[PDB]
């Protein structure tokens, strides 16, 4: 695994997030739950906590967009780039953007929002790309048909090197 240069990292363990808008492809309930499940991937093996905020500015702002969408990193229509995320820091640090030209799903048809989000949140938390083909932080989108996603050992090691492991006894 690899961490971002400068080892940009969250100093607080209690993070907040907020979904600013939604993709039409899935119900709101379904989108909220994917992102929640994506966060649990990482908080299960660390002392990090993710709390939904009702309004205002959360540590991790989550949104959808197409093409030119408000920053200087436009999306590219269907296929190609699926999402992008900013490394830990103030303001736009931690924020994740997802390309709504993609068809998002909770299954195998389209791109699976949960798996893309889980990979993107790895970035928000300070992981770069892994050279290990079995890694969640591997740079190529990869589908799995497993009910209970198992975060690969490479990512566990990577994220624990930043934040230590999860709780005890």
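Each form is matched to the other, and the largest set of C-alpha atoms that superpose within 1.5 Å is called the rigid core. Positions refer to the first chain, counted from 1.
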Which is farther from the shown form in 7 other deposited structures of this protein in C-alpha RMS with the core fitted, 49 to 57 or 117 to 125? 49 to 57
Out of 35 to 43 and 65 to 73, which one drifts farther from the shown form in 7 other deposited structures of this protein in terms of CA positions, with the fit done on the rigid core? 65 to 73
Check whether residue 18 goes without coordinates in at least a third of the other compared PDB entries of this protein that model residues on both sides of it. no
Decide, for the other PDB entries of this protein that were compared, whether residue 145 is missing from at least a third of their models. yes
Mean C-alpha temperature factor, higher of 137 to 145 and 119 to 127: 137 to 145
Comparing 64 to 72 with 96 to 104, the one whose average Cα B-factor in the PDB entry is higher: 64 to 72
Tell me which of 16, 11, 23, 160 tops the list for C-alpha B factor in the record. 11
Ordered by C-alpha B-factor within the chain, which third holds residue 40? Give me lowest, middle or highest, please. middle
Of the three thirds of the chain ranked by Cα temperature factor, residue 109 occupies the highest
Using the B-factor values recorded in the entry, state whether the Cα atom of residue 34 falls in the lowest, middle or highest third among the modelled residues of its chain. middle
Please place residue 155 in the lowest, middle or highest third of its chain according to the CA B-factor in the PDB entry. lowest
